[PDB]
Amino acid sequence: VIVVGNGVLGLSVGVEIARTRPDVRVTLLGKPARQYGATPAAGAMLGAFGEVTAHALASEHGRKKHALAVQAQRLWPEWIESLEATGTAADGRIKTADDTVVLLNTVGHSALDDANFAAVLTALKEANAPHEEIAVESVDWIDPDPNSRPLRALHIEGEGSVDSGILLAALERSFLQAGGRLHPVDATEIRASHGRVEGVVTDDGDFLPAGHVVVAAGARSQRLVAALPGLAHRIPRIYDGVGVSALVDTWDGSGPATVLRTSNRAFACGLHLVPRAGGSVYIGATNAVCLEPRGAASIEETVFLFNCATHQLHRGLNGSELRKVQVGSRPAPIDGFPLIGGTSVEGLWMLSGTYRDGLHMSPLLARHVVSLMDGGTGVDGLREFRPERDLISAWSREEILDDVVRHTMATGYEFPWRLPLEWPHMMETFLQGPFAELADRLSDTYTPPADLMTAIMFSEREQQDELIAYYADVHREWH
């Protein structure tokens, strides 16, 4: 078995294969640099209820994704214990907090933040999850700017955070202990003939043979499998959801006891603080879908992240020391849903397109793919997210066009801007036309979700035309 990729998904599937099949040799590719790596840039939140939006819980596909995340939450306590057990006290703790506080402030669009706070509260009640709406005065540690302060707060029990760096170290250590082999090179090419995997050509010229290849190369995953015959239009494209976060040494070495977060905001960005050991905090995180990868933060992203954290969470962060600006690529699937499971090629498996919550879902997704590889059926509701599929259409064109305009306006309210009071209504009405025109021009059947549509809108004419050709070719293959 060859696992291509050394993120949380690659290492999590590698650990589960190695522990479950002591008979077989499991090799994991990827370099310690983790170029464009989502995982090292993550806080990370074990986000289930925190990730709830009204827009997600309005599609069937979205209610399924939410159910899996609740399931994944139940595996974390044992999974952590099983990974910490292969190390000692000095390797540090994977778990960084047990609980999450969701804050509602007015530094954002009512049509996102108000709707999403209600949707979160509703989803917690429906799943009988333990939680409490609390007085903002009772939230410890936070010292916001009064003009940016929260007026409602929501304590969620058993929704916490891990140190993504210590998790990666624990997965690697646990992989070696169970007999896995780390080979620090990149796959250039997957070899297949007569509908079967032969193995993987590596970037130092070598060839490794295998009967099983699991692709978990984050945002590079589809580009790798698409080179095989016919698969270019049968595996949905994955783009880079570029994300900026930061490590900060607090002025007084303090930190909050819980995760602090807002609901998801414009184009699936969001404001959160994840606690860390040793007088550090994690703050994140921006999101921008890019058609080409990018390994460095923009000035705009750094300023936005720091302005939100200092005003909405703690003014003390203003006088605190910046240790590190982190950048990673959320694997952003073109149809807004993960690529998990088997292929029309025997022994070829895919584990990618997890966007915001691959890390959270890692233990569930790992056990699902391992079960499928062993002749089982894995977890029930994952069937729809099979990697070899027609692009999913989870929303009407009309729903997406309302969403893209709302989210575009939300980039204004989140700044927050100060405008003449008639300007917002004028921009609302003048945004509808150009986005309606773009959607009609791209395809008669497929509509990109908002996050991707805004990226396409501000891309070059050549990049747009290439997407028209892609969408048309996918329609030819499937309809």
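From 1 onward, residues are counted along the sequence shown.
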> Comparing 451 to 459 with 5 to 13, where is the mean C-alpha B-factor higher?
Replying inline: 5 to 13
>> Tell me which stretch, 435 to 443 or 417 to 425, has the higher mean Cα B-factor listed in the entry.
In response: 435 to 443
> Considering only 95, 181, 131, 152, which residue's Cα atom bears the greatest B-factor as recorded?
Replying inline: 181
> Between 126, 114, 403, 346, where does the Cα B-factor run highest in the record?
Replying inline: 346
> Compared with the other modelled residues in the chain, in which third is the CA B-factor of residue 35?
Replying inline: middle
>> Ranking the modelled residues of this chain by C-alpha B-factor as given in the entry, is residue 177 in the lowest, middle or highest third?
In response: highest
>> Please say which third, lowest, middle or highest, residue 261 falls into when its CA temperature factor is compared across its chain.
In response: lowest
>> Could you place residue 337 in the lowest, middle or highest third of its chain by Cα temperature factor, using the values in the record?
In response: middle
> Is the Cα B-factor recorded for residue 234 in the lowest, middle or highest third of its chain?
Replying inline: highest
